[PDB]
Structure formats: C-alpha cells, structure tokens
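This document opens with one chain alone, in structure tokens, the form deposited without the ligand.
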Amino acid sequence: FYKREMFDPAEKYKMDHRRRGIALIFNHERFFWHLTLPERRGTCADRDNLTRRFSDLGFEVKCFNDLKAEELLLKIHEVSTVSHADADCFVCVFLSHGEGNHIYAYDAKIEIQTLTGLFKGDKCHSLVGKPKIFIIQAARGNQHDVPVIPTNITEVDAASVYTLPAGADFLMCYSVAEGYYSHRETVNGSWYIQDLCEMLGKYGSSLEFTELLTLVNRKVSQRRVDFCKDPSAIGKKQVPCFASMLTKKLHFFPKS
C-alpha cells in the first residue's frame, strides 16, 4: 500500500523538515517625530508573548526593534535570500502603525506587497510550496500630537491597513478589518496578539492553524472594554480576519 497521486481532501503541508523555520518579529514602539505618530506602549509585551509562543512551536525567533525602513528592508531581504531548504515554513510579524497598503518602520512607511514579494516564487525557491505566514498588528495611529521633536490603559485605533492577499501558500493575518477598531492595552499588550498567543499556547500544537485563527476571531470579537474607563471606546468592536492563499492543512505538531 501507498498513496497514489490522487486528490486528497485532507492533504497536509509536510512539516517534517530538520527545522520548523524562522519567525521574524518587527517590533515598533516609537516613530521619527516628522511622521507625527503616537508611541505604542504595550507592544513589547506583544513581542515577548509571541517570542515565547513561536519558540515553543519550534521556530527560531529573531526580533528587531524600531528599525529604520532601509534596515528593515535589508534584514528581510537577507532572510529571503538564504536557503530555507531545511525548514517547514516561514513566519513574519509586524507590530507597528499602518495606513492602506503601508506599514510604518521607524522613519518611513514600506509597502506590504514589497515585503511579501521577496518570498514569492523563485525569488525564494526554497520556500515554494511551504506556508509563508504574515501576522500584522497595525492600524491608524491617533494623531492628536504635534509636529515637533519631543497603568493599564486601552488604546483604540481605527482599522487602516488593507486586508491584502499575497500569493500561493501565503497566509495573511490581520488584527482588524475595515470598519472595526484595534485595541491595545498599555501594559498587557494588544487584544489580537494576547488572544493569538493564548490560543497558540493552548491549542497551537494540535489545532489546524486556520482553525486556531478562527478561535482568535471569536475571542477578539467577543471582548468588551470597560464601559466605565472609556466610554467613548464604547461600541468600537474589533473583528480580526485572515486572508488565506494556503493550499493544504497546516499543523504544528511537535517535531519528532
């Protein structure tokens, strides 16, 4: 007995490589004054939470704090051009503000398509047919701060980043969809990342990953702020979403 090359309704990505793969985390807390963007207190909690969860799944995690755009591009270009032949998959997380198709680095914005395009096709042959998962916590920075050089609070940011797709075997995960609001607690971190990390810890090692993202959708969409603490946060619901171009089931069973 063997498996003939017949359409399998339950096909899974092969997750038996020597290594799980790299998980990149781009963490942005502060921005060049000329961008007139507010700080993102709580993002370091998000970064740490993610590092622990992804590391327990076998990923090699690399974090970068407050990179300038050129440095960021350089770093991601460097990761895209090495061999991922011995890896199962690739994860890239952006924790920043954003606008439309753009994510903000420290000093400038970068087009998302530019970042994902580095891992397409034969630009990165050794990731072809492997899951390429981008996780994006980025929304509109509230701008009631000046264009001049300069306790757990929940900050509420309007969705601003387009929920773009990205190519075969890409999975694009967004903290929030158009019309909704992203929330970040200044000590505990983002609603989305907290709930993502909690599900990863509890179910990451067995649950099909888009099914886990669906759990995150439910958890986040059911959260309520105070109403005593911020009353105008009243009514600003958060609905995450994910755009999948995956072609197989994705699991993170513990590597043998």
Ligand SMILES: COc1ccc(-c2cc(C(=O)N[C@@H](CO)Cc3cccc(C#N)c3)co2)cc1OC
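Residue indices: 1-based, along the sequence shown.
Asker: Using a one-third cut-off over the other compared PDB entries, is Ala85 one of the residues left without coordinates?
Answerer: No, none of the compared structures omit it.
Asker: Say whether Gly98, which has coordinates in the shown structure, is without coordinates in a third or more of the other compared entries.
Answerer: Negative; every one of those entries includes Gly98.
Asker: Can you count, per the entry, how many deposited residues between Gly179 and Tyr180 come without coordinates? Answer none, 1 to 3, 4 to 9, or 10 or more.
Answerer: None; the chain is continuous from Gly179 to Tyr180.
Asker: Check the entry's C-alpha temperature factors for 1 to 9 and 246 to 254, then say which stretch has the higher mean.
Answerer: Here the higher of the two C-alpha B-factor means belongs to 1 to 9.
Asker: Between 210 to 218 and 186 to 194, name whichever shows the higher mean Cα B factor according to the PDB entry.
Answerer: Per the deposited B-factors, the answer is 186 to 194.
Asker: Highest Cα B-factor in the deposition, which of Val146, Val128, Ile112, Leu171?
Answerer: Answer for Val146, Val128, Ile112, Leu171: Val146, with the highest C-alpha B-factor.
Asker: Quick one: which of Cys124, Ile153, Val91, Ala105 has the biggest Cα B-factor according to the entry?
Answerer: Comparing C-alpha B-factors across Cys124, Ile153, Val91, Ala105, the top value belongs to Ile153.
Asker: By the recorded C-alpha temperature factor, relative to the other modelled residues in its chain, which third is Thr51 in?
Answerer: Bottom third by C-alpha B-factor.
Asker: What third of the chain, by the recorded C-alpha B-factor, contains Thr116?
Answerer: Middle third.
Asker: Thinking about Cα B factors across the chain, which third does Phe59 belong to?
Answerer: Ranked within chain, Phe59 CA B lands in the lowest tercile.
Asker: Please place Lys132 in the lowest, middle or highest third of its chain according to the CA B-factor in the PDB entry.
Answerer: Bottom third by C-alpha B-factor.
Asker: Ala233's Cα B-factor: lowest, middle or highest third of the chain?
Answerer: As the PDB entry reports it, the C-alpha B-factor of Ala233 lands in the highest third of its chain.
FYI, the form solved in complex with the ligand isn't displayed, but the following is about it.
Asker: For the form shown, open or blocked once the ligand is overlaid as positioned in the entry with it bound, with the cut-off of 3 or more ligand atoms within 2.4 Å of backbone or C-beta atoms?
Answerer: This form leaves the site blocked.
Asker: Is it the case in the entry with it bound that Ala10, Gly201 and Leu212 each bring at least one heavy atom within 4.5 Å of the ligand?
Answerer: Checked in the entry with it bound: no contact with the ligand for any of the three.
Asker: Consider the chain as shown here, without its partner, and state which of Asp230, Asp56, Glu70, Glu208 has a heavy atom within 4.5 Å of the ligand in the entry with it bound.
Answerer: Of the candidates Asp230, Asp56, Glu70, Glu208, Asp230 is the one lying within 4.5 Å of the ligand in the entry with it bound.
Asker: Hey, in the entry with it bound, is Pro131 touching the ligand, heavy atoms inside 4.5 Å?
Answerer: Taking the distances in the entry with it bound, the answer for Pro131 is no, it never comes within 4.5 Å of the ligand.
Asker: Whether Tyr104 contacts the ligand in the entry with it bound should be assessed with a 4.5 Å heavy atom distance threshold; does it?
Answerer: Within the cut-off, so yes.
Asker: So in the entry with it bound, is the ligand close enough to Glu99 to count as touching (4.5 Å, heavy atoms)?
Answerer: Looking in the entry with it bound, residue contacts with the ligand include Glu99, since a heavy atom lies within 4.5 Å.
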